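We've got the same protein chain twice here, in two forms, each standing alone as structure tokens: structure 1 and structure 2.
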Structure 1
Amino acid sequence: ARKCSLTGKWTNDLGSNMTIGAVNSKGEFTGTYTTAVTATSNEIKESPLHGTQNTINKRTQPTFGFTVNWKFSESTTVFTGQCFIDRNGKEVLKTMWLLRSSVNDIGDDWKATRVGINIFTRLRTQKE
């Protein structure tokens, strides 16, 4: 991956991992997300994500977003961040997410959306 391609494997401050396949000339990509965390009474399932990374001004440190479609859940998480190359040539994904729960009724909407951050750095795509 070119410095800051989202392509490859990544881990975050929560221990969550994600895999992002090749990014086409449209900035689009899909991948999978394995969350290390849930408030779920359900088996965590590696879940597909789908996104785009920015390709306006073809910036070395592009911003991006993607949706993760939980397999084990009725919710969705969207993440948006920027890929930064730090002082040591190390790629850092700085992200924020909205985690959308499925609420019963439009009147429960006010409580459906959680927010937070994640910081992702690169994992070896090659195992021992």
Structure 2
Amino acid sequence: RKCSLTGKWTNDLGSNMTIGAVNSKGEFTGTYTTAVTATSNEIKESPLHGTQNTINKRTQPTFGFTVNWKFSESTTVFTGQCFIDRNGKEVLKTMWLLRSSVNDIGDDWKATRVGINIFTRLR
């Protein structure tokens, strides 16, 4: 079976994301939903856009996407691979770069954070 990006996902920090159909070029869009208090009610939703690599039509493709945050001046990109895990579940293993806005090119060196996220299906 193929690991497919389309559907609803949640990650190891409680964020959720929904990705729509992936077209013939590999392109998808979706929404990324995050709480703005850890274990609390305030929820904000931002669009994401990206692609799945379709070379050799792998059953476990790599992909990447950009989340265009609507509640700050930052941007995050995620890249990873859609696996069928050893337990037979679909999992997206991703790493990300979070770019903050700085005012002066002299502060550019501290504007990028890095981390991972693992997503599994919300069914």
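Heads up, when I say rigid core I mean the largest set of C-alphas that superpose within 1.5 Å between the two forms. Structure 1's sequence is the ruler for residue numbers, which start at 1.
Tell me, with the core superposed, which single residue in 98, 36, 103, 85 has its C-alpha moved by at least 2 Å between structure 1 and structure 2.
Between the two forms, the residue that moves is 36.
C-alpha positional change at residue 54 between structure 1 and structure 2 - rigid core reference, Å:
Spelling it out: core superposed, C-alpha of residue 54 shifted, distance 1.0 Å.
Residue 45 CA shift between structure 1 and structure 2 in angstrom, with the core used for superposition
Residue 45 is displaced by 2.2 Å at its C-alpha.
After superposition on the rigid core, what is the displacement of the C-alpha atom of residue 73 between structure 1 and structure 2, in Å?
Taking the core as reference, the C-alpha of residue 73 is shifted 0.6 Å.
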